[PDB]
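Here you get one chain, nothing else, as structure tokens; it is the form deposited in one PDB entry.
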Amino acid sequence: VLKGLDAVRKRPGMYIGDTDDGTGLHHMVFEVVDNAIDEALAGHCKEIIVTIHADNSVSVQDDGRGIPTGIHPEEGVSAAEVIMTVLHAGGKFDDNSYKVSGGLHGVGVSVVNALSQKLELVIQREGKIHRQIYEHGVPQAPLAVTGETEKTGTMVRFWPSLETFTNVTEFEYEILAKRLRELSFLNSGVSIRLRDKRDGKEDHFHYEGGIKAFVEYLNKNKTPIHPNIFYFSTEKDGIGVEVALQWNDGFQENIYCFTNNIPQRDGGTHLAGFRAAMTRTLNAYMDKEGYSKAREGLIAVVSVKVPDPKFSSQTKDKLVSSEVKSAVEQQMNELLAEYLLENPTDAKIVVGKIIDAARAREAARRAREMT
């Protein structure tokens, strides 16, 4: 009634992005994948399997607790159905402070359901298999028990509506793979598989130290100047901070900022805390070691898990959560100081690069005034 999918069908782009260039189409997958993975931080979901089917449908299978199946006393339909049909039911029902669900972005499976011509939901929970079918968001029958199972978890298979999605209606394996890998880099210990039924292509993304692995991927076609990547994965006051960095022989700076898996193009408090810690730590090391009074060649990832994050806008390109500056700055001041002393072979190379770049920047400015 009041809370429904009519809003979504009328203005799809507002919720998932542009429906005519393939961005919205691929985001449909990542809205399902975000609902799967958000259950990972508390240890419920351990493995997500994403499959591109021959019929241009995508299924997402997890091994979580399974979406609740109990009849909502007010709505009179299964808790999973309430979530699928009531636009914001999911985000409201979920207690998880780390899930970033808003009015338009990150709404979840209900958005996917609205723009899907058909949706199949399969829930393994309490030793029973529950199945449901949806057509343009309308259930065909109530969620029903079809069998028995030893496993728990949810499976959502969706067929994008062709009345919504134009021009690009086929999933690009590479778009899915790049984001699924990143998600596994940012959520260590989580297993994410990508399968393609059109050609048999598949990948498996699983890292025990995803933050380190992320910087090794960013530097694979580069020339790292020091052998040891500086990384850490800490949790303090409900704020998880992961950082990995390594200098290359290059002259560009590339810091990749993330807050609850969401990229921050324009940075924020996590970047600022990272920068302040690096300047204080490198200045402290150069002071103490005798080197007299944006960083060329830096490749870094700053990934935070913060409950209820705050952003500068609807785009979520700048993190504004003040407590995240301190949370990042504190840990990186402590642990990068330890890294420089524990790896003086690496620390010599890094400082050597910073000084040579300062010698070149100053001499290049002086060469301008010369002629």
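For every residue, the number given is its place in the sequence shown, counted from 1.
The same protein also exists as the form deposited in another entry; that form is not shown, yet it is the one meant from here on.
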Query raised in the report: Pick from 252, 354, 275, 181: which one is at the hinge of the rigid turn seen between this form and the one not shown?
Result: 354
Requested in this report: Relative to what we see here, could you say if residue 66 and residue 239 have their Cα atoms closer or farther apart in that other deposited form, with a change of 3 Å or more?
Outcome: farther
Query raised in the report: residue 24 to residue 311, Cα distance in that other deposited form relative to here: closer or farther, by 3 Å or more?
Result: closer
